[PDB]
Amino acid sequence: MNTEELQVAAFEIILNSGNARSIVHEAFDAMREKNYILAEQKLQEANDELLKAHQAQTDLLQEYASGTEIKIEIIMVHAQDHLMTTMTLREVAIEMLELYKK
Amino acid sequence: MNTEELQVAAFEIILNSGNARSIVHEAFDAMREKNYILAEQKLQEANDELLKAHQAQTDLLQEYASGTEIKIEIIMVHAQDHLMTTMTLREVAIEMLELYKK
Amino acid sequence: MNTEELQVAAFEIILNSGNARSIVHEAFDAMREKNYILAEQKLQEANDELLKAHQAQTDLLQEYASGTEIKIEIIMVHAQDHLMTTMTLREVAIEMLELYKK
């Protein structure tokens, strides 16, 4: 509350997203080595992580929608970028597994 | 410019870009069916939908360029991330549709 | 930090990441032409440019972390989105170049 709380939220998204991101990179490394089983399971481990971050964002979006004021701050922005850009990396990774497999 | 006008601009962006994004996954789904012409086309629908969000974003910063003050808000950050992340997913999808066609 | 400084910073990020994005697209065009040499090289130039953008974002974050106040403006959000989607886009591309080869 409030500035400290938002800093914690920001960091929750960033730690968890950064985790998701190298897990998505592990998955890329696997498909590189024709090992699709590893790539696929890593693709789901990154999901596990990524939604911890997603939920953090959602809870933050929920507080705003309801009226409690949230003053942005560059670390929030950077966090959000990191979630959403990691989500999109993973969306790409999935689709690329599918070409790989042929 | 007022908090309500901005909230609207946001959901607009989020709404149109969410829609463009599902459309891009439709084009992905089509590259999986080997429907390379469907996919080509959905990438165009997606583009028609995105230009909407995109236009909204560009007017907001145009409005900002011209001196109007815009307090941020987490849903705007989130709207911009949707547009820019959706746009980039689409760029990936164009490139991957080429790859598929080989 | 400091309106003039933050607008400068934001434009530095947008211009350099904009350039890195076009170079990444060069790498995609060069992939498409079967030319894996150029594409690999272009992915490194894109990186040379992106780095300038990442540095400026890092200085801002590090400034923020040291207690300096920073009112984010849409232009900054937009610049950060350009940096982080452009990074994500290089990342896919590095992978896609790999797949082009296989």
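Here is how names work: the chains are called A, B, and so on, in the same order as the sequence lines, proteins then strands, and each is numbered from 1.
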Notebook entry, point to check: Are C:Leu6 and B:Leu60 linked, directly or through other ILVMFWY residues, by side chains that come within less than 4.5 angstrom of each other?
Noted result: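 They do share one cluster, since a chain of ILVMFWY contacts under 4.5 Å joins C:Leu6 to B:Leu60.
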Margin query: Same cluster or not: A:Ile75 versus A:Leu83, using hydrophobic residues (I, L, V, M, F, W, Y) connected whenever any side-chain heavy atoms lie under 4.5 Å apart?
Written below: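 Cluster IDs for A:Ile75 and A:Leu83 match.
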What's the separation between atom [atom1] in [X] and atom [atom2] in [Y], rounded to the nearest 0.5 Å?
| X | Y | atom1 | atom2 | answer |
| --- | --- | --- | --- | --- |
| C:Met96 | B:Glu95 | CE | CD | 6.5 Å |
| A:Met76 | A:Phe11 | CE | CZ | 11.5 Å |
| B:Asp81 | A:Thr85 | CG | OG1 | 7.0 Å |
| A:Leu61 | B:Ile74 | CG | CD1 | 5.0 Å |
| C:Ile72 | A:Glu73 | CD1 | CD | 9.5 Å |

Note to self: Test: salt bridge (charged side-chain N to carboxylate O under 4.0 Å, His left out). Region: residues 60-72 of chain A. Which pairs qualify, not counting sequence neighbours?
What the structure shows: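 Salt bridge (charged side-chain N to carboxylate O under 4.0 Å, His left out) check on residues 60-72 of chain A returns no pairs.
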Notebook entry, point to check: If you look only at pairs with a residue in residues 41-52 of chain A, which of them pass as a salt bridge (charged side-chain N to carboxylate O under 4.0 Å, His left out), with sequence neighbours excluded?
Noted result: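 Salt bridge (charged side-chain N to carboxylate O under 4.0 Å, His left out) check on residues 41-52 of chain A returns A:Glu26-A:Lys42, A:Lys42-A:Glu45, A:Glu49-A:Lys52.
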Between [X] (side chain) and [Y] (backbone), is there a donor-acceptor pair under 3.5 Å?
| X | Y | answer |
| --- | --- | --- |
| B:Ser17 | B:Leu50 | no |
| C:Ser22 | C:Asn19 | yes |
| B:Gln57 | B:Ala53 | no |
| B:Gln41 | B:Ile37 | no |
| B:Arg90 | B:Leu43 | yes |

With sequence neighbours left out, what residues match [X] under side-chain hydrogen bond (donor to acceptor under 3.5 Å, both in side chains)?
| X | answer |
| --- | --- |
| A:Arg21 | A:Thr86, C:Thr88, C:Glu91 |
| C:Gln80 | none |
| A:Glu40 | A:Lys101 |
| C:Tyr100 | B:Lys102 |

Margin query: For C:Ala30 versus C:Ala39, what's the shortest heavy-atom pair and its separation?
Written below: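 C:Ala30 and C:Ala39 have their closest heavy atoms at CB-N, 3.8 Å.
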Check: How far apart are the closest heavy atoms of A:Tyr36 and A:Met31, and which atoms are they?
Finding: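 Minimum heavy-atom contact is CE2-O, 4.1 Å.
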Next item on the list: Compute whether any side-chain donor of one residue and acceptor of the other, for A:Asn35 and A:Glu33, lie under 3.5 angstrom apart.
Entry: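 Looking only at side-chain atoms, A:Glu33 and A:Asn35 do not form any donor-acceptor pair under 3.5 Å.
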Next item on the list: Give a yes-or-no answer on whether the side chains of A:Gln62 and A:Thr58 include a donor-acceptor pair shorter than 3.5 Å.
Entry: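 No donor-acceptor contact under 3.5 Å links the two side chains.
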Note to self: Counting C-beta onward and ignoring hydrogens, is there a side-chain heavy-atom pair between B:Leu89 and B:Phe28 closer than 4.5 Å?
What the structure shows: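 When only atoms from C-beta onward are counted, B:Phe28 and B:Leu89 do touch, with a gap below 4.5 Å.
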Check: Less than 4.5 Å apart, any side-chain heavy atom of B:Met84 and any of C:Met84?
Finding: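 They are not in contact (no side-chain heavy atoms under 4.5 Å apart), so the answer is no.
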Next item on the list: Check whether more than 12 heavy atoms from other residues, nucleotides or ligands sit under 6.0 Å from atom CD of B:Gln55, and answer yes or no.
Entry: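 No, because the 6.0 Å sphere around CD of B:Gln55 holds 12 heavy atoms or fewer from other groups.
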Next item on the list: Check whether more than 12 heavy atoms from other residues, nucleotides or ligands sit under 6.0 Å from atom CD of C:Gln44, and answer yes or no.
Entry: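 Check fails, neighbour count at 12 or below.
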